[PDB]
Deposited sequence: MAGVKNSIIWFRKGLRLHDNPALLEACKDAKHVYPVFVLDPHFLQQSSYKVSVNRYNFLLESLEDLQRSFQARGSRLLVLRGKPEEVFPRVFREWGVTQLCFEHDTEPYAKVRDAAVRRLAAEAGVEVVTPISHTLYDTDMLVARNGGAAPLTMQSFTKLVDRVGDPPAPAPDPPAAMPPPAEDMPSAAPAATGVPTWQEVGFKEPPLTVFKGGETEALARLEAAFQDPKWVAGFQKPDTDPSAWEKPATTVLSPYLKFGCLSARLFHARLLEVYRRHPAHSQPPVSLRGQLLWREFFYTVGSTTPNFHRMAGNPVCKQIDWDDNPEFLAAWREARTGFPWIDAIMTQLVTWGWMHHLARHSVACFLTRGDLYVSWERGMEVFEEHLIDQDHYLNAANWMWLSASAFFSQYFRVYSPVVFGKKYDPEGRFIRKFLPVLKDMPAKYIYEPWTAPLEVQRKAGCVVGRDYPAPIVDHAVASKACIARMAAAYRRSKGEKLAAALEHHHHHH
């Protein structure tokens, strides 16, 4: 008989899951498995992203229970768990979504060898990304395109991505009963308190495939907005109803299939001939994800500066004081501090909000390495993606892809163009709630009487600005100009 395991790592969903469809085919028993490291926090990860994963697994558990099955959260490392459960469950086939991250390739290689020793067939379909990323490289002459414009001409020569896979059957072959490694008390989904966290999650975005689909349909309720979407024209100060889809955490964990997203976009585009085109369109945003995935998977040391063949080597400063002030939202610039407060509270900010804080920390003001800001983003972001977080930090620091280091966002003027009353600022920084809008972006310019009437004295309730933007930015520009000249 055929007994199979569908191993969840990403792809935390039942829709468009070719690995699950293959695991169920002609199977007598199916073991849906997620491997959890109970010593993860005793190693970096916020409760917001880890609870988002737990809610995603809880959503999987209900979906499996609704089809006569059950999700098994096995404790331990995969190289030690699978050799046992291969023999105990009589497994003949192992199925999991292909992953191109560096750690994934080492882990998957090791598991593949253990599977061959136990006589277990391994099927690893591609469905995290739109395309087979190795096929795009092979189609482009053996090297990944380094520009979005050339990357778009490649995907247009390849054609549409594969259709989303059909849904699994209404009933699924259940796990075998009374197997010791499948005991319910040792395979349940843990809560955020049980994995070690002490502070509760504060984010407003709930995890799981069900939430991902409901947010997808909400984005498509207005097909004209989808068709006319232009990323650079969206509002970073909008928080009550964010100006973009906020599908990034679900695409990161695979709660939403990118191919389903892409297939829905094409339906709307066929009916609205004036729809926006890449790179600004909503399809263009999925292409940025694919573009960065294709470059980064074929570039060694992509997440670092040294040894990265595509990253500029810049003499970033080792200023721990500037980094701590930026990390703890006490720079003295309310627009910067409000975004960094949203980072720790929600785990998600609008793309241009991330532009503001990343330019400020790196090539704009503090001249700290993009790797340091990256480490802070990887801790709190619920959409934390190894390749996207890398490439966008190298973009914002003018270390890769982007080179116009003379374009420097003002931490005073940028948000003021969207939100002159500072509603975004008062939301996330309630200490400035009573500050009049004339000084909300520049509280140190307010007279002492106004600061006292609003109960926010600069240097007592809210910190004074750590740098003068006009002085700091001119220095960063002069130094970036020399870094782009000394190289060749």
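- Against the full deposited sequence, the model leaves out several stretches, namely 1-3, 47-49, 495-509.
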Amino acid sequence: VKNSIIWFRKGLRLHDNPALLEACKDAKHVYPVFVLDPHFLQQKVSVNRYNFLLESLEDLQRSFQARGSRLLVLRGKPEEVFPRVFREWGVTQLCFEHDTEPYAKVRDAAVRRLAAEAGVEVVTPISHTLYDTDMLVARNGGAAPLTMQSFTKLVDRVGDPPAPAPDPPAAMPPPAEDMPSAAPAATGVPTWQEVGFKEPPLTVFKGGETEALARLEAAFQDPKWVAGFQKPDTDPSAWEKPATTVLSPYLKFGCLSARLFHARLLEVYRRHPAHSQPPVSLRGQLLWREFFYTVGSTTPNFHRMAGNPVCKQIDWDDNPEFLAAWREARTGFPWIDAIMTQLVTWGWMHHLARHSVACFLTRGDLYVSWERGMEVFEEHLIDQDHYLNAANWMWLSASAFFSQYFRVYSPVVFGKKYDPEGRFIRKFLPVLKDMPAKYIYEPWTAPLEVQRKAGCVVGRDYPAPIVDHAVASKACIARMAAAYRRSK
From here on, numbers count along this sequence of modelled residues.
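- Averaged over Cα atoms, the B-factor as recorded in the entry is higher for 131-139 than for the other of 131-139 and 253-261.
- Per-stretch averaging of Cα B factors for 361-369 and 317-325 places 317-325 on top.
- Across 424, 444, 31, 64, the entry's maximum B-factor at the CA atom is seen for 444.
- Between the residues 356, 342, 308, 203, the entry's highest C-alpha temperature factor is the one at 308.
- Residue 449 sits in the highest third of its chain by CA B factor, as recorded in the PDB entry.
- Residue 294: CA B factor in the lowest third of modelled residues in this chain (values from the PDB entry).
- For residue 55, the recorded CA temperature factor ranks within the lowest third of the chain's modelled residues.
- In the deposited entry, the Cα temperature factor of residue 479 sits in the top third of values across the chain's modelled residues.
- Among the modelled residues of its chain, residue 181 has a C-alpha B-factor that falls in the middle third according to the deposited record.
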